[PDB]
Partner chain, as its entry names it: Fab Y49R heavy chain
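Next up: just one chain, as structure tokens, the form solved without its partner chain.
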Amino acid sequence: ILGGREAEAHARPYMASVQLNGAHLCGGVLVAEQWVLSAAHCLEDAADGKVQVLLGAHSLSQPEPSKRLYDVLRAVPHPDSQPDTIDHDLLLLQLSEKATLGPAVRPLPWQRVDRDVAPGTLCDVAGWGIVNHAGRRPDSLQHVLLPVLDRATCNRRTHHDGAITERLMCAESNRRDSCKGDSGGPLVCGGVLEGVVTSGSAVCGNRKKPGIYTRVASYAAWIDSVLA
């Protein structure tokens, strides 16, 4: 963190921790009983494995009755994802079994209609912090409300300089100091999944630095198809 606050425990029952070898790698979002959406860059690299997903968690380290760790039957990165690009940066993970659903675990509706989130809309992003930003990292789930930034301005020569295609969206990042982006994590507007974090901003510095998110509606055809 240097954006935000501790979330209410289990009030985002869609939130997932994508894990490598039992350590938090990336955020993700439960989009169907057996399927979690995250970002391709997360699981990018090569060797392995023991990629799993933790559902029903608030703390990454402490006992909680709802916590369940799922192995993954299949990792499906968007075919057009590339290591050297923030395009098509989505990742679907098929869980070993249907998630057991309840107050702490519950898929989130996601936007199928390909329309942009209106600029100014307040959306919610949640996650758990990187490298080991404090060994247990941030240990409990954090979130913050960010206003959506118009694509035009996001594309300014000082913001993101034409990088933001119509398949991407932006949020004002955060003034005062810097940064965040769990990655793979979700951007939720009015209770609907609209975006997934991409390395926006992993080049942090300005005042009006914006976060970059992949628009899930733009990939609705690919998502649904992997699900069927």
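Positions refer to the first chain, counted from 1.
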**Request:** Select between 207-215 and 11-19 the stretch whose C-alpha atoms have the higher average B-factor in the entry.
**Result:** 207-215
**Request:** Would you mind comparing 177-185 and 52-60 for me and telling me which has the higher average C-alpha temperature factor in the entry?
**Result:** 177-185
**Asked** Which listed residue, 94, 111, 81, 132, has the largest C-alpha temperature factor in the record?
**Response** 132
**Request:** Among the candidates 124, 87, 139, 116, give the one with the maximum CA B-factor reported in the record.
**Result:** 139
**Message:** Quick check on the deposited entry: does the C-alpha B-factor of residue 159 sit in the lowest, middle or highest third of its chain?
**Reply:** highest
**Message:** Going by the CA temperature factor in the PDB record, which third of the chain does residue 46 belong to: lowest, middle or highest?
**Reply:** highest
**Asked** Should residue 195 be placed in the lowest, middle or highest third of its chain by the C-alpha B factor in the entry?
**Response** lowest
**Message:** Ranking every modelled residue in this chain by its Cα temperature factor as given in the entry, which third contains residue 170?
**Reply:** middle
**Asked** Hey, what third does residue 69 fall into on Cα B-factor, ranked over its chain?
**Response** middle
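Only in words, not in the display: the form solved in complex with its partner chain, which the text now covers.
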**Asked** Pick from 134, 73, 152, 122: which residue has any heavy atom within 4.5 angstroms of its partner chain in the deposited complex?
**Response** 152
**Message:** Can you tell me whether residue 161 touches its partner chain? I mean in the deposited complex, with a 4.5 angstroms heavy atom cut-off.
**Reply:** yes
**Item:** Non-hydrogen atom contact residue 45 with its partner chain in the deposited complex at 4.5 angstroms
**Value:** no
**Message:** Using a 4.5 angstroms cut-off on non-hydrogen atoms, would residue 64 count as touching its partner chain in the deposited complex?
**Reply:** no
**Fill in**
Among 162-170, 37-45, 176-184, 56-64, the stretch whose residues bring a heavy atom within 4.5 Å of its partner chain in the deposited complex is 162-170
